[PDB]
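Shown next as C-alpha cells: one chain only, the form deposited in one PDB entry.
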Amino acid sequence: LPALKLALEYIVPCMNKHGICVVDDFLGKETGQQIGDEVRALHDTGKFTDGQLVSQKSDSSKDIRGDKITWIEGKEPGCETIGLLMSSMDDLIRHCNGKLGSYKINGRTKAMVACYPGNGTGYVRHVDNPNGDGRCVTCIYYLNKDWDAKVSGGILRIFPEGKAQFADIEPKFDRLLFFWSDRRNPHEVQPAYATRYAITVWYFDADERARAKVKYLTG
C-alpha cells in the first residue's frame, strides 16, 4: 500500500470517524526487528530515564507513569532504522494534510522511545494534550515480539468520547497506531508484566502549537 492510498482511503476516514486508527504490519518483520534491536541497544546501554510529566506536582512521575524513555531525532548512529520509522510516519501524515479534522500539521516531537520494564508498570488514565499544548495526533509504533496480553498485560485502553465501546490496543509487533491527542481520547497503559517497548511521536497543529509556545514563553 502506498502512503497516498493508506492515508486517503484509510487513515483519513478512520481518524475523522473514530479518532483511533490501527495499521498492522506497518513496516514488515525485517524492519520491525531492526527497530527492536536499536531499542534494545538503547535500553542495554542505559539511555533510558524516568518518563516525565508536563506539570510535576507533589507526587513522583513514577506514581503516574512507570516507563523509562529516551528521545531520538532519528539521525543518531545506531538509531537509523528508528529514523526510517519516523520518516515513514511523517510521510503518512504529510499525505493526510488538510484532511485530518481542520488541523494543519506542520511539525512533531522527537521520537519518544519508551519501555515499561514489566513489574506491573503502566500509565494511569491521562490525556496526552489536555490543555492545548499543540499536540493533535499521537502516533505509536509497537515492537513487542511474542507479546501475549492475557499474560503480560500492557494493553493501551482508550476511551473515545461518546462511544459505546472503549478501544483495547495490544502492543503488538509492527503495529502503528494513530489517535487524536486531545481530550477525546483519554487512555491508560494497563499493568505490564514483561518488557514493553513502543515509539511515540506527537504531531503538532501549527496554530495550536503556536499559541502553546506563546503561552509558555510568557507563562
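Don't overthink the numbering: it's just position in the shown sequence, from 1. Residues that one form lacks are left out of the comparison. Only the largest set of C-alpha atoms that superpose within 1.5 Å between the two forms is called the rigid core.
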| query | finding |
| --- | --- |
| Between 154-162 and 29-37 (mean CA B-factor, as deposited), the higher | 29-37 |
| Which of 182-190 and 53-61 has higher mean CA B factor, as the PDB entry lists it | 53-61 |
| Options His126, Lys110, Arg135, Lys99 - largest CA temperature factor per the record | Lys99 |
| CA B-factor placement of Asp44, once the chain's modelled residues are sorted into thirds | highest |
| Chain thirds of CA B-factor: placement of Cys139 | lowest |
| Assigned third (lowest, middle, highest) for the C-alpha B factor of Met89 | middle |
| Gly122 CA temperature factor, ranked by third within the chain | lowest |
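One more form of this protein exists, namely the form deposited in another entry; it is left out here, but the text below deals with it.
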{"item": "Residue showing a 2 Å-or-more C-alpha displacement between the shown form and the other one once the rigid core is overlaid, selected from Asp44, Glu30, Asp63, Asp168", "value": "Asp63"}
{"item": "Core superposition between the shown form and the other one, C-alpha change of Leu53 at least 2 Å", "value": "yes"}
{"item": "Comparison of CA distance in the other form with shown form for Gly118, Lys62, at least 3 Å", "value": "farther"}
{"item": "Direction of Cα pair change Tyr103-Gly51 in the other form, magnitude 3 angstroms or more", "value": "farther"}
{"item": "Regions shifting between the shown form and the other one, defined as 3+ consecutive residues whose CA atoms all move 2 Å or more relative to the core", "value": "50-66, 162-165"}
